[PDB]
Amino acid sequence: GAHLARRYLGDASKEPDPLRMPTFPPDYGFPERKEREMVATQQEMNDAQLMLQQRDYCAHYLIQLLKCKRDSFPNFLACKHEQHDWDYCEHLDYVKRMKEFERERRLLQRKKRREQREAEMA
Amino acid sequence: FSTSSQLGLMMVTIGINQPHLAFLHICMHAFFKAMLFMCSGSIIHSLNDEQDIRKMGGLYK
Amino acid sequence: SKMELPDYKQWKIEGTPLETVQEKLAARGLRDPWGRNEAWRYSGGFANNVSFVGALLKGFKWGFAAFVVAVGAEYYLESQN
Amino acid sequence: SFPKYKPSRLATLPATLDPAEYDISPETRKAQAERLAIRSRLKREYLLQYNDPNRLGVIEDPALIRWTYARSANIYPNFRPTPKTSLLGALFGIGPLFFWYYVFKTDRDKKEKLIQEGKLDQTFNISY
Amino acid sequence: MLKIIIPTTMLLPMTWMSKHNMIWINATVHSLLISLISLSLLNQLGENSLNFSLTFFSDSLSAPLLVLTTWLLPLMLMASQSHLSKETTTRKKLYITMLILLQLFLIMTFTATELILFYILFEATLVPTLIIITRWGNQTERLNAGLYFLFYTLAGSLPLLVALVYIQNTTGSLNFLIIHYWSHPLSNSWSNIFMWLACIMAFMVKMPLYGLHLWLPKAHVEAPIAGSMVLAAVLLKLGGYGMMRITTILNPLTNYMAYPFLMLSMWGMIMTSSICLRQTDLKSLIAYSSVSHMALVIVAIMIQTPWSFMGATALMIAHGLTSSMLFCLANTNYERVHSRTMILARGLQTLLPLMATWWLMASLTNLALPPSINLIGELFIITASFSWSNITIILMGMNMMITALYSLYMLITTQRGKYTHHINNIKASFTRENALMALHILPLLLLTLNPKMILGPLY
Amino acid sequence: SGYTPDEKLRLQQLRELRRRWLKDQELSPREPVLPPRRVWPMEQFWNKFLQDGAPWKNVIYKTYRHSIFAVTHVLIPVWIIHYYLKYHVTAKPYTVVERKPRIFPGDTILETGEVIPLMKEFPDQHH
Amino acid sequence: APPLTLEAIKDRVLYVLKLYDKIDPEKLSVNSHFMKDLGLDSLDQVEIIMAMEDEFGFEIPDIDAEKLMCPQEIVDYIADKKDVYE
Amino acid sequence: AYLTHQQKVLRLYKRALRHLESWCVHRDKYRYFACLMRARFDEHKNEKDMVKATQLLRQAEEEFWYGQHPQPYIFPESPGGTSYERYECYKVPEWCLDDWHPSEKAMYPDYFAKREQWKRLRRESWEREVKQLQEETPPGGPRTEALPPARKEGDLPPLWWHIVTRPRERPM
Amino acid sequence: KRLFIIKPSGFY
Amino acid sequence: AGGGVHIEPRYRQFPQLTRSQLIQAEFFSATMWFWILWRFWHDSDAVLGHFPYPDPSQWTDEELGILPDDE
Ligand SMILES: CCCCCCCCCCCCCCCCCC(=O)O[C@@H](COC(=O)CCCCCCCCCCCCCCC)COP(=O)(O)OC[C@H](O)CO
């Protein structure tokens, strides 16, 4: 996004480097952040022959999608509501990522402006 | 050159872990690109084997 | 048959870009030698060629009509349910 | 305007901007005049056998036979040992052979020393 | 054997006392029949070599060559019988005598059980060939060519004779079996170094190796067609058969010493194929092409790995059937135009339609497409060479890229082009020529189905 | 200048010779004289059958050529492949292998006769 | 398409010359040599064969083009080149 | 032979006009720029000094050479053209027909009989062409690549066989 | 207007 | 020789056009649009970007878990 200009042309310190983030403990400063879970248990997740890159937490929104796609055949125009559900659920875990991306971004100047703060008066 | 531009695009997909989307690009590119060639072939044969884009025009109607 | 060639006295520079070329040439003091040669390339049925974008929407005159009857069926099916 | 078209061994200078045809003397016209004549003698002769009904054979081109001789046999008897030829023989000959020898030997020494210590692992490589 | 050698020898009095004009007929009859009999030896048992007598034995390497030689014998007869039909009966009978005798030595050589017996007949093949290239040749450089071929082969073979008898006095018997089961470590020493050089140079000259190869462009081009095949299709592999047998004792000194030969073959094969990229004689084009393929066999032997030996025999047989084909092709034009220059007779597909097709598969086999036996041989060596060293794929593949340009080059220059205007004596191809060409390519493509027969003694 | 008078005559005689020579390149109506060949019985059966040309003959003609085409290009080839891929190769292990039928929790498996336990509740993530 | 025939060529020949305004329609004999009577400039015949060159879709090489100077000649050269033999 | 100046300048006009074809594209633009090209050629036509004419050529040839279209339009039936020698691969020489089998020879009796008439005509007239050549050779060998015509009656033009009996440009 | 087709003899 | 030319050549004139080619061109040049708007109406979200992209700045530190600068 626009952060790329502020990272290369601007001072790269304030901006994260997605290669290694997160750096500081994500649980630090987070009061009882809720642990992720997935309904799709592994053996049936492996049963569905589900591709590794598609094996995220919301991967259980595929198993019904394929099920309806399998059973509703030859009707391919069907299986739209659950397909939209998976895409909407792909929205949710995706928006989760820029939350932690922003959190890493916001904690960056937080620590940094602190660094010269508690050091300039001394 | 339009074809070679297309296959350049397909390997761009393969670069960032998009192999099957390239195969989707294979099929979609296969249909219409094949069409454009004998559309050109139809006009070339009709215009007594003329292929230079300059000696053309007025073919829409 | 014979393939009778068209007449001679119906292909001049009038109504064509050639006459505009002719007056520009006459402005600088020149006579166009091959003015009537192209003629047919502009006159006859080869005149009034559609524009680039105009050709792009070829069939839109009936495509929009196809939408209206199609969206009407969707509305009728929507009201039926 | 646009500076000129400098030629090259691969991009030759065209005849449309060559000074030879743009500065001519009577002597040059005399020499190039009967260039057709020497070609006409070759052409008229070649046409005579070519159009000959009794000719039921191939028409040999002495220039072509000369070319095969010049490329095949008239080379070593006309070869003269000189430092230019001698150096080119070594540079294009023994030179690359030792070059590949050094490259391959170093790789073999590199490979041989590495698997002796145990660096490369071929746990699945069996056929060789 | 006795069951192939005796019928081969008995063809000699048969052809001599045959009818005046039936010489070509009868000789072709039984030479094909003898080849059919030799198909029996294509079977090999599990591991022990097929042994018949003390002096004669066969393995999964000799028999694929034995069938190739006896199958070749009909082919030289028909190819040469075009121009030979214009001389005395005794002269024509003398030729068929000489091919029969030349083939006889090849069959007995490949199945020889004693290394000395191998060397005697291996060098004995010179006499039938030397007279073929000289007496019945159709040029003037043949006189110098015959001397070049004879002296090069002999100058390398003579150290082998001294080396071979040295093994007899020191180790004992030189039987190909007792040598194998009593292999001793040939330790690195200067005397052993020259021992290694002597036992190897003799077979290297007949490969030929890059540098010891100038006899081939002279011998092959000037030789008559009945010869022009065998000097390229069988007896080059005879030097190959010598290498794969004599290297049973030359371990482990071979890997330390192989480096000059590998670099010479591996780098020279690029240069030799570069000659083919710019040539003037069609026969010389194929001749230098043979050097590149044999150079690939030269490097192949010296790694001494199971894959290399298989690809060695696969290419060795396939190239011989291939290079024999191209010499038939160049023969047909050389008879019609009475010259060997490539550009003289440009345009043959226009006039001879099927000749182009035979030329197409002929140039394709040399191009070595998969699954043609040429490709199944070269590909095996590339993998074996790559395992030896990763850099060699640059050199190995470069020839594969380079060999495509020249192999299709005579296809473009001769077939694919405007017919030459002045030439007017081209005739519709005789059914002998087309039948001969089918006799070359049909077994090759048929052999593609079962490469196990020709894959060598390590399948 | 301008055709030279000598070259004028040269091209003139060449012209009429070329016209006559190309005229000789023509083909008389009788040409080419083609000796016949033995005719398969089905051909002569067709000729006396298509004396009308009506769709009576047209539909059967097109469908018969298509029908025999299917038999000798679709039926009998897949027949021998089926025999090849049902008794010959199938007698050899690991020659015809497929990915396991990708099943889902829910629909029972035909052989074990046990419904695969369906997943539990999803957190009502409705749009 | 039927081949370009001699009568077809010549009818197309004076089609172009009469279409040329520099030549009066009446003086259009099939053998009217361009320099002699019509008297057009030595540059002009070089520019008229290009129209003929585009008319029949061919090329008239400069070696032959400069000699081509009659309407009968133009139809002659075109007919001979494209094997026109009635 | 020696290409005189008035020919060479005509070659420039023909080739330069074909080059601006690849540039002007549209016909009306062609006819305008051609007239300017044409008259700008005629404005300098009274140069009594032939040296000045070459001096005028001293900038024109470079003007063409840098203003030339890198992809000039050439008709396909010509060198560089897309249909150059496209149908050449069927131009089988007529003498090859003499090698046809009698069964194929009898397949076309009329054409083959007429071919015999042409062959007999060529045989009779060949020696007639031969002495015609040395009857009017220029002293010192053939001076020009040109070829004299048939001077007298009943004589075919010298060296006519290959030109007259050449294969058609559209053999198929 | 059909005419001859000079082609090489393929009978052999 | 024989006929079989439904079309005829034209010299410097508009070539003859038949019925079959015209409405065949019109049909497909019209049904291509029919597909264009029909799928647009049913699936405008695919090209529009159905799922919105939230603005990062508006996300406050509370649900972001960012403890304030006082610590
Ligand atoms: C045309 C030039 C040559 C071409 C290339 C030929 C191959 C290169 C090598 C040349 C030498 C070949 C002769 C080899 C003879 C048998 C080799 C053998 O078995 O090894 C013996 C080693 O062979 C030799 O010693 C001789 C060969 C070495 C080279 C010297 C002679 C050959 C060179 C000169 C003659 C040939 C050159 C041409 C001259 C015009 C082992 O015996 P030993 O030395 O261990 O004896 C026991 C004890 O230790 C002391 O004897």
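Look a little higher up for the structure.
Participant: Run through the overall build of chain G, naming residues and quoting values.
Facilitator: Along its length, chain G carries 5 helices and 0 strands. Listing every helix and strand of chain G by position from the N terminus yields α-α-α-α-α. With the principal axes as the frame, chain G shows a C-alpha extent of 35 × 30 × 20 Å. Counting every position in chain G, which comprises 86 residues, the buried fraction comes to 53%. Put simply, 59% of the contacts in chain G that link residues at least 6 apart link residues at least 24 apart. Measuring between centres, the 9 positive side-chain charges of chain G sit 3 Å from its 21 negative side-chain charges.

Participant: Account for the site of the ligand, naming residues and giving values.
Facilitator: Residue and element names in this part refer to chain E. Around the ligand, the neighbouring residues are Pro159, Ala163, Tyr166, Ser191, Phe194, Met195, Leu197, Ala198 and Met201. One of the side-chain nitrogen or oxygen atoms of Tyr166 is found 3.3 Å away from an oxygen atom of the ligand. With respect to the ligand, the side chain of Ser191 contributes an N or O atom lying 3.3 Å from an oxygen atom. With the chains in place, 40% of the 1000 Å² that the ligand exposes on its own is no longer accessible. Of all the secondary-structure elements, those providing two or more residues to the shell around the ligand are α7 (142–170) and α9 (190–205). At 6 residues, α9 tops the list of elements feeding residues into the shell around the ligand. Considered class by class, the residues forming the shell around the ligand number 8 nonpolar, 1 polar and no charged.

Participant: Explain the packing of helix α16 (residues 306–337) of chain E against helix α17 (residues 353–367) of chain E residue by residue, including any values.
Facilitator: All names here are of chain E. Where α16 meets α17, the axes come as close as 9 Å, and the angle between the chain directions of the two elements is 145°. For α16 against α17, the interelement crossing comes out left-handed. Here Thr322, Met325, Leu326, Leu329 and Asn333 of α16 come into contact with α17, specifically with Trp359, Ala362, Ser363, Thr365 and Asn366. Partitioning the contact of α16 with α17 into residue classes produces 5 nonpolar, 5 polar and no charged.

Participant: I'd love a proper account of the layout of surface pockets, names of residues and values included.
Facilitator: Which parts of space are left empty comes out when a probe the size of a water molecule is rolled across the atoms. Each pocket or cavity is described by its volume, and for the second largest pocket that value is around 2000 Å³. For the lining of the second largest pocket, the secondary structure elements donating two or more residues are α4 (62–72) and α5 (83–92) of chain D together with α7, α10 (215–222), α14 (259–277) and α15 (282–303) of chain E. No other element matches α4(D), which puts 5 residues into the lining of the second largest pocket. Of the residues contributing to the lining of the second largest pocket, the split by class is 23 nonpolar, 16 polar and 8 charged.

Participant: How would you sum up helix α5 (residues 109–135) of chain H? Please name residues and give values.
Facilitator: An ideal rise of 1.5 Å per residue puts 39 Å on 27 residues; α5(H) measures up with 39 Å between its terminal C-alpha atoms. When we look at burial in α5(H), the residues that qualify are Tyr111(H), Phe112(H), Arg115(H), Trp118(H), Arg122(H), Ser125(H), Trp126(H), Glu129(H), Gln132(H) and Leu133(H). Contacts from the buried residues of α5(H) go to α3 (35–50) of chain D, α1 (5–24) of chain F together with α4 (102–105) and α6 (161–164) of chain H.

Parameters and conventions
Residues numbered from 1 in each chain as written, not as in the entry; some residues may be left out. Chains lettered and ligands numbered in written order. Part of a larger assembly, values for the part shown. Heavy atoms only, no water. Helix = DSSP H or I, 4+ residues; strand = E, 2+ residues; numbered from the N terminus. Buried < 20%, exposed > 50% of the residue type's maximum accessible area, 1.4 Å probe, protein only. Contact = heavy atoms within 4.5 Å. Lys, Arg positive; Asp, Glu negative; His and termini not counted. Charge placed at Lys NZ, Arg CZ, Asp CG, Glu CD. Near = heavy atom within 4 Å. Polar contact = N/O pair within 3.5 Å; in protein donor to acceptor, adjacent residues only side chain to side chain. Areas by Shrake-Rupley, 256 points an atom, 1.4 Å probe, with all protein chains shown as cover. Nonpolar A, V, L, I, M, F, W, Y, C, P; charged D, E, K, R; others polar. Axes fitted to C-alpha atoms, helices over the stretch in contact; angles between N-to-C directions. Left-handed = near helix turned anticlockwise from the far one by under 90°. 1 Å grid on protein atoms, 1.4 Å probe; cavity = no way out; pocket = protein on both sides within 12 Å on 5 of 7 lines; lining within 4 Å. Points joined across faces, edges and corners; volume = space filled by probe spheres on them. Expected span 1.5 Å × (residues − 1).

The quantities given are spatial measurements derived from coordinates; they are silent on function.
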